[PDB]
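Student: First piece of the complex, coordinates kept as in the full assembly:
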Amino acid sequence: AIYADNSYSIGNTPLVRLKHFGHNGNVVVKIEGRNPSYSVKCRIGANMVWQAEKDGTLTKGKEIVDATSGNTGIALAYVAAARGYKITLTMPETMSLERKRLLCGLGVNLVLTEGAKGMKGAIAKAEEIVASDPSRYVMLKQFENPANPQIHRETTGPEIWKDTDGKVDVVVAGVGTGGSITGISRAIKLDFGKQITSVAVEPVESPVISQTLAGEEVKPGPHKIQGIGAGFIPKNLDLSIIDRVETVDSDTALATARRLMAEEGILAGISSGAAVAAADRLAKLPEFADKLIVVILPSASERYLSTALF
């Protein structure tokens, strides 16, 4: 029916079967680009705000603060605009320029800094702005806020289960906050009770999850895969439900996104390319040859025109 505001219109994204990846259509993709602010972050942008409202921590007159740098900022921005909250977002410069472009149009207070142009400086600045009548600023903290995986457990997961009629065997998802794969895996494994394979994807340039799990030296690095590879283990990543970790490189991720466009007619982002690459690698193993693989496509390629995608 009719939604009270845009934040209520989150989710219910479609599953599309791939024809040039996997083995006879065992790879299907969930296109999260079909969201109110056109990324997966719309869900947590809505639910974090809702939960902060229900906890009383978010009230009229209080300002929203977070670091994000990516799609979470856009989601929080549209939700704040829709539900009447002033919002300040912290980020140096500047990747990507469309990220930087939308936020100003959505009327968020962009505070621009530069440690070495980094999230260290951004988060520090966020903490500082919070430290100024802290009863006026509220930090939602997407990396540890339980509402983040909660919304994925309540919507995304059940949507996957519903649309696959409980046939989903594998879920492949890149990890940024970890919320997506955490919530989804919790929903399908615990609430529905099916023992699927949860597959986390990370850049091979910064495989901190693989390194941690293997008990090797954790060495984060630079990469071109927007949205994932935070370079640390976020609190919203539930390692306990992670069955498998796949690493993908920036070049292959990019090429895979381009392939989604040109061959599948799917306008997918870089991290979407990475997720699809990992999922394809799994799909062409006999072990998963006859299993249904569901792959999360977080964002849309139009948010990457300024990047190396084009």
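Tutor: Perfect, I can see it now. Residues are numbered from 1 along each chain as shown, chains lettered A, B, ... in the order given.

Student: can you map out the strands along the stretch 51-200 of chain A?
Tutor: Counting by DSSP state E, counting those that start in this stretch, the stretch 51-200 of chain A has strands at residues A:63-66, A:87-90, A:109-111, A:137-139, A:168-174, A:197-203.

Student: Tabulate these (JSON lines), appending mean neighbour count.
Tutor: C-betas here are computed from N, CA, C, even on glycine. Output for the strands of the stretch 51-200 of chain A, formatted as JSON lines (neighbours: other C-beta atoms under 10 Å):
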{"stretch": "strand A:63-66", "mean neighbour count": "22"}
{"stretch": "strand A:87-90", "mean neighbour count": "23"}
{"stretch": "strand A:109-111", "mean neighbour count": "15"}
{"stretch": "strand A:137-139", "mean neighbour count": "20"}
{"stretch": "strand A:168-174", "mean neighbour count": "26"}
{"stretch": "strand A:197-203", "mean neighbour count": "25"}
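
Student: So what's the residue count around residue A:222?
Tutor: 10 (other C-beta atoms under 10 Å).

Student: Need the phi and psi values for it.
Tutor: Here is the backbone geometry of residue A:222 (degrees, to the nearest 10): phi -80, psi 150.

Student: Excluding chain neighbours, what is closest to it?
Tutor: residue A:205 (6.5 Å; C-beta to C-beta, 6 or more residues apart in numbering).

Student: what's around that neighbour, how many residues?
Tutor: Residue A:205: 18 neighbours (other C-beta under 10 Å).

Student: For residue A:253, find the nearest of the strands of the stretch 51-200 of chain A.
Tutor: Between residue A:253 and the strands of the stretch 51-200 of chain A, the shortest gap by C-beta to C-beta is with strand A:197-203, which sits at 7.8 Å.

Student: Skip ahead from that closest one and say which helix or strand is next.
Tutor: helix A:208-213 (DSSP states H and E).

Student: Any idea how far that next one is from the middle of the chain?
Tutor: Put simply, helix A:208-213 sits 19 Å off its chain's centre (C-alpha atoms, centre = their mean, to the nearest Å).

Student: So which elements touch it?
Tutor: strand A:197-203, strand A:244-248 (3 or more C-beta pairs under 8 Å, 6 or more residues apart in numbering; DSSP states H and E).

Student: then chain B, please:
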Amino acid sequence: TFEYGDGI
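Tutor: Same chains as before, plus chain B:
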């Protein structure tokens, strides 16, 4: 490029 929480 991206590292400690950038672009998320």
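
Student: Go back to the nearest residue to residue A:222, now with chain B?
Tutor: residue B:1 (4.0 Å; C-beta to C-beta, 6 or more residues apart in numbering or on different chains).

Student: Could you give the number of residues near the one you found?
Tutor: 17 (other C-beta atoms under 10 Å in any protein chain shown).

Student: Point me to the residue sitting closest to the centre of chain B.
Tutor: residue B:6 (2.0 Å; C-alpha atoms, centre = their mean).

Student: Which is the succeeding secondary structure element to the one helix or strand residue A:281 maps to?
Tutor: Residue A:281 belongs to helix A:270-283 when assigned by DSSP H and E. Following helix A:270-283 in sequence order, the next helix or strand is strand A:292-297 (DSSP H and E).

Student: Tell me which other helices or strands the helix holding residue A:281 touches.
Tutor: strand A:27-31, strand A:168-174, strand A:197-203, strand A:244-248, helix A:250-259, strand A:292-297 (3 or more C-beta pairs under 8 Å, 6 or more residues apart in numbering or on different chains; DSSP states H and E).

Student: May I see those organised as a markdown table, with distance to chain B added?
Tutor: Formatted as a markdown table, those follow (distance: least, C-beta to the nearest C-beta, whole Å):
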| stretch | distance to chain B |
| --- | --- |
| strand A:27-31 | 19 |
| strand A:168-174 | 10 |
| strand A:197-203 | 9 |
| strand A:244-248 | 14 |
| helix A:250-259 | 8 |
| strand A:292-297 | 14 |
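
Student: Format those as CSV; extra columns: distance to residue A:91.
Tutor: Shown next, in CSV, are the helices and strands packed on helix A:270-283 (distance: least, C-beta to C-beta, whole Å):
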stretch, distance to residue A:91
strand A:27-31, 26
strand A:168-174, 20
strand A:197-203, 20
strand A:244-248, 25
helix A:250-259, 21
strand A:292-297, 24
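
Student: Nearest to residue A:38, out of these?
Tutor: Using C-beta to C-beta, these put strand A:27-31 closest to residue A:38, at 10.2 Å.

Student: Extract the C-alpha trace of the closest one and format it as CSV.
Tutor: Written as CSV, here are the backbone C-alpha positions of strand A:27-31 (Å, rounded to 0.1, in the frame of the first residue of the first chain):
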residue,chain,number,x,y,z
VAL,A,27,23.7,-18.2,-9.1
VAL,A,28,21.0,-15.7,-8.4
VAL,A,29,21.5,-12.1,-7.3
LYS,A,30,19.6,-9.9,-4.9
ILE,A,31,19.6,-6.4,-6.3
